[PDB]
Amino acid sequence: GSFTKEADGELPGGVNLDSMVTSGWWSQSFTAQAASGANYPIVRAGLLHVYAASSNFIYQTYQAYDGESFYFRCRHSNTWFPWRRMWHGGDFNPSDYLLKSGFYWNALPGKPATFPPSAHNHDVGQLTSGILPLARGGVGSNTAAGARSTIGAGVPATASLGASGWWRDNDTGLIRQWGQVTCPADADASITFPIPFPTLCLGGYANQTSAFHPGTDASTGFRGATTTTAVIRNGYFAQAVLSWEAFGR
Amino acid sequence: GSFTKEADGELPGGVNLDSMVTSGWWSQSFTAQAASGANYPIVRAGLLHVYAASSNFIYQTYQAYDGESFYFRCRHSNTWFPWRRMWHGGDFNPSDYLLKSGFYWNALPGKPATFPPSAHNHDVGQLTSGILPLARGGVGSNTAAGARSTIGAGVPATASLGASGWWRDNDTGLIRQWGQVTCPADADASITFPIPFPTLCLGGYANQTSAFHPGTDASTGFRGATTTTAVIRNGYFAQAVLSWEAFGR
Amino acid sequence: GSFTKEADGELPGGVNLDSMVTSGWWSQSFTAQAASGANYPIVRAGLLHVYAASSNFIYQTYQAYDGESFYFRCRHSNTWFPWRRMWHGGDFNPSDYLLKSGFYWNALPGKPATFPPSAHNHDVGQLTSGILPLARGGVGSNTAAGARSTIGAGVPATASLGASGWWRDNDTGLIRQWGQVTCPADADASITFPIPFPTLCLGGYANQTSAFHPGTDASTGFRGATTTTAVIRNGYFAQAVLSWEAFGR
Ligand SMILES: [Mg+2]
Ligand SMILES: [Mg+2]
Ligand SMILES: [Mg+2]
Ligand code: NI
């Protein structure tokens with residue numbers, strides 16, 4: 001015969017679709033009657049088409065009644081290929097899946113603003129704020145005075161160490177000075193310090209530089225100092241050169 | 001009847017596909033005649049198949065003439081399920097979409113070579129170049145002399161503070177020295193400095209250490225110094241011990 | 001006629017599917033006979049359906065015998081549209097492809113725990129361990145004594161520079177002291193040092209502060225020192241004020 005406008009028949013329960021090898025179309029009206037059968041592509045009421053092209057080729061299609069999908073298969077040399085199941089718009093939408101073209105760094109959302117760094121070295125120049133403390137090998141200040149304070153350092157003494165000169169301890173302000181003066185016999189001579197004492201002279205002394213006669217007085221005196229001058233007294237009966245020292249601040 | 005080699009008919013305009021409930025196949029020759037109708041799966045000329053399996057099941061397929069897609073649906077207990085639309089090769093190609101297997105760090109393109117780091121601490125040991133300046137709590141040099149210069153520090157004085165000894169200010173080079181010497185009556189005695197002055201002796205003095213007789217001269221003298229020796233003159237009429245001091249550089 | 005339960009015929013080799021413009025269904029039993037033909041959707045044995053809707057519309061479907069896929073096309077005004085090829089479950093599974101919803105940072109696998117950082121500055125406060133060495137502008141210690149050692153620094157001298165006072169070099173321990181004392185004529189007077197020498201007095205001297213008569217002895221003496229006192233001898237025949245200096249440690 002031919003394919004008719006009426007279906008060839010209704011599939012009852014327990015139909016093995018492998019046995020439907022005659023051309024036509026058949027309706028399965030009941031999902032449960034599909035469940036109780038065999039080789040249904042999906043447990044679902046549906047429409048089956050059979051095209052028995054030849055003994056060696058039996059083609060079948062199945063349209064699920066609820067649009068679950070549409071299936072097809074074929075029997076080639078007494079072996080049924082598996083049912084193919086169509087993909088349709090009720091399964092998935094491609095727009096929901098990431099294109100390879102949308103897979104790159106700047107497109108990836110949720111990226112942290114900052115990243116936990118690995119082991120890196122720095123140059124000192126990238127220290128741009130803060131003052132390194134002593135506990136870290138620093139000097140705990142950004143001033144010279146403050147640095148010394150942190151590490152208990154003093155300042156350099158200064159001096160001019162000439163034949164007549166001075167020496168100054170800048171930690172405390174102490175100045176010490178020296179010079180020579182020719183004195184008249186049994187008399188005074190004034191000296192002028194190489195530099196002035198900023199505040200006052202605290203003391204001095206004088207010393208006979210010559211091979212004075214040991215049978216007579218050769219005393220010395222340091223007195224009447226100012227910030228700039230002092231009086232050296234020579235107790236030797238001849239004119240003589242006396243050296244002196246003086247200190248102050 | 002049966003499905004014929006000729007189509008059952010041409011669909012004109014204004015056809016509600018819900019009304020095509022008789023088995024057969026019908027052609028819509030004009031996209032616009034689909035537009036003017038109802039329940040077409042797509043506004044597009046196409047081929048419609050109707051399989052009226054039973055009163056309760058009416059199956060339909062629609063093949064768009066331009067291959068837009070292929071559609072199917074069914075009427076179950078007087079309600080039409082929605083049209084299913086097939087996915088085909090003209091819609092998309094899976095090769096353009098990212099597999100889950102190709103979603104990992106090393107595959108992600110456009111990754112920066114370096115990343116903005118978050119708050120991290122360092123150990124000092126990862127400072128491997130540069131010289132920390134004073135403005136940062138550093139000493140602004142990698143030399144001892146250069147460090148002191150930055151912070152205005154002096155160097156330690158050195159000394160040997162024995163009964164006879166010396167003291168040296170290494171900031172300026174000033175050396176001061178002391179000792180004792182037994183002198184003959186009314187005569188000279190030579191002393192040798194604990195260390196030699198590197199350059200010259202700048203001055204000295206001597207002092208009577210004994211309870212000399214106050215009814216006679218007991219003068220002192222320091223003279224004729226070299227880098228290593230000096231002459232101490234004793235103006236007392238007895239042999240006596242005189243202490244001395246001397247300074248230089 | 002009508003579509004029959006028997007296929008209209010077997011397609012031999014060398015069939016141009018463009019020529020199959022009569023309604024019916026035909027079977028290609030041999031993949032190689034498809035290879036030797038034209039306009040087959042796939043080189044594969046299969047079932048062909050032709051629906052000659054009208055002169056202007058010829059619809060075709062092709063079901064591959066091995067389920068490779070299912071194809072359809074149409075001839076509109078003497079031009080064949082391309083074959084559409086169905087996507088099915090044997091081609092791909094959507095579950096293997098990444099959803100846009102699963103494309104974010106925390107989902108991306110294989111992320112490194114740490115990231116190579118870019119150029120950043122630090123505040124000194126994020127140095128939280130280690131001691132900066134001199135080679136980096138540090139002081140190579142976390143102690144004051146150790147810092148000075150690294151950079152060769154000395155400590156501050158201390159002093160009290162009053163009319164009678166003292167000065168101490170704390171690098172070496174040397175103390176120097178000064179004062180004045182009224183002495184009886186031709187006699188001794190005891191002095192007490194402004195501070196005690198911690199260990200011993202190493203030396204001293206005295207100096208006549210007055211305009212003594214140059215026709216008589218005005219000698220001086222420093223002797224018998226302890227840590228706290230000394231004896232100043234005045235060789236002048238009048239009572240007189242003598243200044244002194246003393247040093248020790
Ligand atoms: Mg004499
Ligand atoms: Mg006398
Ligand atoms: Mg005299
Ligand atoms: Ni860092």
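Remarks
- Filtering segment A:46-61 to residues that are without any contact (Cβ under 8 Å) to a residue 12 or more places away in the chain and either buried (at least 20 other Cβ atoms within 10 Å of the Cβ) or not in a loop (DSSP other than H, G, I, E, B) (or both) leaves A:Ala53, A:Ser54.
- The set of residues from segment B:91-104 being within 15 Å of C:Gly102 (Cβ to Cβ) and either touching a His at 6+ places or on another chain (Cβ under 7 Å) or of a type outside the set (D, E, K, R) (or both) comprises B:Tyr97, B:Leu98, B:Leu99, B:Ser101, B:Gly102, B:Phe103, B:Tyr104.
- Selection count where residues are crowded, with 21+ Cβ neighbours inside 10 Å, in a strand (DSSP E or B) and more than 7 Å from chain B (Cβ to nearest Cβ), scope segment C:62-89: 6
- Matching option when the condition is among the acidic types (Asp, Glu) and out of contact with any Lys or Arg (no Cβ under 8 Å at 6 or more places or on another chain), among A:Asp188, A:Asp217: A:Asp217
- Residue count for segment A:194-217, restricted to those that are β-branched (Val, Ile, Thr) and within 20 Å of C:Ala211 (Cβ to Cβ): 1.
- Test: residue in segment B:192-207 that is within 12 Å of chain A (Cβ to nearest Cβ), among the β-branched types (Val, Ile, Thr), more than 30 Å from C:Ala238 (Cβ to Cβ) and out of contact with any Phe, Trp or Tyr (no Cβ under 9 Å at 6 or more places or on another chain): yes
Yes/no per residue for (1) more than 10 Å from chain C (Cβ to nearest Cβ); (2) in a loop (DSSP other than H, G, I, E, B); (3) within 23 Å of A:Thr4 (Cβ to Cβ):
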| position | (1), (2), (3) |
| --- | --- |
| B:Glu6 | no, yes, yes |
| B:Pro12 | yes, yes, no |
| B:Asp18 | yes, no, no |
| B:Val21 | yes, yes, yes |
| B:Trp25 | no, no, yes |
| B:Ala32 | yes, no, no |
| B:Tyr40 | yes, yes, no |
| B:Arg44 | yes, yes, no |
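- Checking the stated criteria, A:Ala230 turns out not to satisfy the condition of being over 27 Å from C:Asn170 (Cα atoms) and within 16 Å of ligand 3 (Cβ to nearest atom).
- Selection of segment B:6-16 for residues being surrounded by 16 or more Cβ atoms within 10 Å (Cβ to Cβ) and touching a strand residue (DSSP E or B) at 6+ places or on another chain (Cβ under 7 Å) yields B:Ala7, B:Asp8, B:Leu11.
- Considering the conditions (1) away from ligand 3 (no atom under 16 Å from the Cβ); (2) within 14 Å of chain A (Cβ to nearest Cβ), C:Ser219 is excluded by exactly one of them, (1).
- Applying the condition of being surrounded by 24 or more Cβ atoms within 10 Å (Cβ to Cβ) and among the polar types (S, T, N, Q) to segment A:219-249 and asking which residue is nearest to ligand 1 (Cβ to nearest atom) yields A:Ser219.
- Within segment C:163-203, restricting attention to residues that are outside any strand (DSSP E or B) and charged (D, E, K, R), the residue that is nearest to C:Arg249 (Cα to Cα) is C:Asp171.
- When segment B:142-162 is limited to residues that are part of a loop (DSSP other than H, G, I, E, B) and at the interface with another protein chain (Cβ under 7 Å from one of its Cβ atoms), the one that is farthest from A:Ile151 (Cα to Cα) turns out to be B:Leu161.
- The set of residues in segment B:143-167 that are surrounded by 17 or more Cβ atoms within 10 Å (Cβ to Cβ) and not small (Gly, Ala, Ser) comprises B:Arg148, B:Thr150, B:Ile151, B:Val155, B:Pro156, B:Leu161, B:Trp166, B:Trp167.
- Leading residue by the ranking (nearest to ligand 3 (Cβ to nearest atom)) among those in segment A:92-137 that are more than 7 Å from chain C (Cβ to nearest Cβ), surrounded by 13 or more Cβ atoms within 10 Å (Cβ to Cβ) and not small (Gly, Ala, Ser): A:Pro133
- For C:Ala238: the one exception among (1) within 11 Å of chain A (Cβ to nearest Cβ); (2) within 16 Å of ligand 3 (Cβ to nearest atom); (3) touching a residue at least 40 places away in the same chain (Cβ under 8 Å): (1)
- Flag if C:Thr182 is loosely packed, with under 15 Cβ neighbours inside 10 Å, away from ligand 1 (no atom under 16 Å from the Cβ), more than 14 Å from chain A (Cβ to nearest Cβ) and more than 60 Å from the chain's Cα centre (by Cα): yes
- Flag if B:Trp178 is within 16 Å of A:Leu161 (Cβ to Cβ), away from ligand 2 (no atom under 16 Å from the Cβ) and of a type in the set (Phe, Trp, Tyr): no
- Top-ranked residue in segment C:90-125 [being under 29 Å from A:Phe92 (Cα atoms) and assigned to a strand (DSSP E or B); ranked as farthest from ligand 2 (Cβ to nearest atom)]: C:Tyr97
In this analysis, Cβ positions are derived from the backbone assuming ideal geometry, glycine residues included, and neighbour counts consider all displayed protein chains. Readers should treat all values here as calculations from the given coordinates under stated rules, not as data from a laboratory.
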